[PDB]
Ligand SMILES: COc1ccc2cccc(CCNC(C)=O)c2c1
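This document opens with one chain alone, in structure tokens, the form solved without this ligand.
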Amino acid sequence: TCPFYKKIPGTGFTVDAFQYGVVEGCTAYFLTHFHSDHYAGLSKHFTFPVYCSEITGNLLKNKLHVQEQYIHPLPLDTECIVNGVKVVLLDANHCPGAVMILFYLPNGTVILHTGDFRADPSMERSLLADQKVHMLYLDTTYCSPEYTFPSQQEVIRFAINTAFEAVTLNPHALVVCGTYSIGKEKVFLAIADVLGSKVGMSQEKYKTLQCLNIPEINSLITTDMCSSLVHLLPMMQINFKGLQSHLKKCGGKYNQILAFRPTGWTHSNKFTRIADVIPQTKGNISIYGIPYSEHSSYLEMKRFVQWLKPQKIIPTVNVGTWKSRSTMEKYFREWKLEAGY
């Protein structure tokens, strides 16, 4: 059964609700982004209307085989009528194709569903500037002050400089980057660009990247591993055993691996600066964990919410424990008392 925080009152609509079967009263199923916890349940046998971005639509059609007649892509930043209700999709600054959804209810209420997002000051100049929001359905993944991490630009600066130094010292080093979902493509794309290489990967991952509308993509990626000195591998293979095994396959072309594991936050964030990050090393293999986040930090979240001044907040992450729910409610009340709404 579909939980309450996935239903939009006063409409026939659900958000990210595909794992509950036929939801009673649902006339349109919205999908915020192509991450498996959110699409869980979709397939070629789905026969209800799915509303989403163009990019999410490409992924539904090619990767999950959902039939074309049930895929409804909408442009961003554009007022659209869906089953007699005005909606707008906004860029969520998460993975490719990820949106927030603004719903203008027939009774006058306005609702924002963030999906998964990384809040940014640039959102204060979207179509959100123009009117009041009564209800906010909020991505609370990192809603606690301990969750600090650097900007995505600082993280990429660290990775490019680390890779370029290593391969310039040793032209026979291979760089490897882990992946297990869409998102974080700038990590491997930026490193390959500095090195003058395409990114090599499996046929399955190439297919996924080809759905993403990235400019000039044919110039940046390839299935021919031998021509490439940046390889992508599944995240599970980013360990000493998996990487040893990979270097054997390369036919003595390389004699060293430098590997990157993009994570979210880890408790080494509570003490160390990005500058000061060090790898795990065994022999000719070094592995860097880098904190490249596609979710808001606590401070970015707090800034957004204090600017939006919603009348009510419904968290969509960390909702399963009483301690989590209580902690989140406390911070929402501090923020409201501090800013005066």
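Residue indices: 1-based, along the sequence shown. We call the rigid core the largest set of C-alpha positions that still match within 1.5 Å between the two forms.
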property: Of 210-218 and 116-124, which departs more from this form in 9 other deposited structures of this protein by CA RMS after core fitting; result: 210-218
property: Higher-B stretch (mean Cα B-factor, as the entry records it), 211-219 or 169-177; result: 211-219
property: Of 59-67 and 270-278, the stretch whose C-alpha atoms average the higher B-factor in the entry; result: 270-278
property: Peak C-alpha temperature factor (PDB record), options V15, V319, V22, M328; result: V22
property: Residue of maximum C-alpha B factor among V110, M100, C226, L232, per deposited coordinates; result: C226
property: Record-listed C-alpha B factor of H38: chain third; result: middle
property: Entry-reported Cα temperature factor of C95, expressed as the chain third it lands in; result: lowest
property: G289 by Cα B-factor - lowest, middle or highest third of the modelled chain; result: middle
property: Record-listed C-alpha B factor of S245: chain third; result: highest
property: Third of the chain's Cα B-factor distribution that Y147 belongs to, per the entry; result: middle
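Here the subject shifts to the form deposited with this ligand bound, a form of this protein not shown in this document.
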{"property": "Non-hydrogen atom contact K132 with this ligand in the deposited complex at 4.5 angstroms", "result": "yes"}
{"property": "Heavy atom of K44 within 4.5 Å of this ligand in the deposited complex", "result": "no"}
{"property": "4.5 angstroms heavy atom contact with this ligand in the deposited complex for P291", "result": "no"}
{"property": "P310: touches this ligand in the deposited complex, heavy atom cutoff 4.5 angstroms", "result": "yes"}
{"property": "Whether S202, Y206 and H231 all lie within 4.5 angstroms of this ligand in the deposited complex by heavy atom", "result": "no"}
{"property": "Listed residue that, although this ligand is not shown, lies within 4.5 Å of it in the deposited complex (heavy atoms), from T272, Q67, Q306, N62", "result": "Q306"}
